[PDB]
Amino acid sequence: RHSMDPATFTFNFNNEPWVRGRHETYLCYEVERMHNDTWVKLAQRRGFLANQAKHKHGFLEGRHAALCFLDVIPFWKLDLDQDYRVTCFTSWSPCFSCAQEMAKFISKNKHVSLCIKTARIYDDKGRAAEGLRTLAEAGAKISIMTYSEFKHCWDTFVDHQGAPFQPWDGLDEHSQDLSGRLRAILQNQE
């Protein structure tokens, strides 16, 4: 569908750090090109997707959202001569294995600056922290989604039918708590 279901958005992008029940991953993405020394939004290079769930017919092994995203980039046929900025708004941050695959991609495509903005930090059974450091080392800009970024995704990716963004309880405090943990992860303190 063209726009995300609002209940799906609200459920999946809730940023209570230790909340239960989020066993899917959603990813919104947008692309900019550097032109006349400023980033310009590519209107048709944006969208959203979810993970291919384990046991889904036609993909019984599943496919994480980040991988599904890297899968669409070649079809953009990005000019190998231009600089691009690709921003992903992820409900869960990348697992170790998908962090490594994203790090390989930006190592191989130096004309792409990747920004990952995540609602929640995915622990990956203690393995994600080193994955995120490795992704940052490769040049990705990783941050915790804030109020204005949730609102941006509501306004521009969600099928809101005119309804304004309604922040959930604790959004800012959750964002700030996650930002401290992300900094600790990226500084190798966690």
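One-based numbering along the sequence shown.
Chemist: Going by the mean C-alpha B-factor recorded in the entry, which is higher: 144-152 or 64-72?
Modeler: Between 64-72 and 144-152, it is 64-72 that shows the higher mean C-alpha B-factor.
Chemist: Between 154-162 and 125-133, which has the larger average Cα B-factor in the PDB entry?
Modeler: Here the higher of the two C-alpha B-factor means belongs to 125-133.
Chemist: Comparing residue 39 with the other modelled residues of its chain, is its CA B-factor in the lowest, middle or highest third?
Modeler: Its C-alpha B-factor belongs to the highest third of this chain's values.
Chemist: Determine, from the deposited record, the chain-internal third of the Cα B-factor for residue 92: lowest, middle or highest.
Modeler: Lowest third of the chain for residue 92's C-alpha B-factor.
Chemist: Determine, from the deposited record, the chain-internal third of the Cα B-factor for residue 103: lowest, middle or highest.
Modeler: Within its chain, residue 103 is a middle-third residue by C-alpha B-factor, going by the deposited values.
Chemist: Comparing residue 26 with the other modelled residues of its chain, is its CA B-factor in the lowest, middle or highest third?
Modeler: Ranked within chain, residue 26 CA B lands in the lowest tercile.
Chemist: Determine, from the deposited record, the chain-internal third of the Cα B-factor for residue 80: lowest, middle or highest.
Modeler: Within its chain, residue 80 is a highest-third residue by C-alpha B-factor, going by the deposited values.
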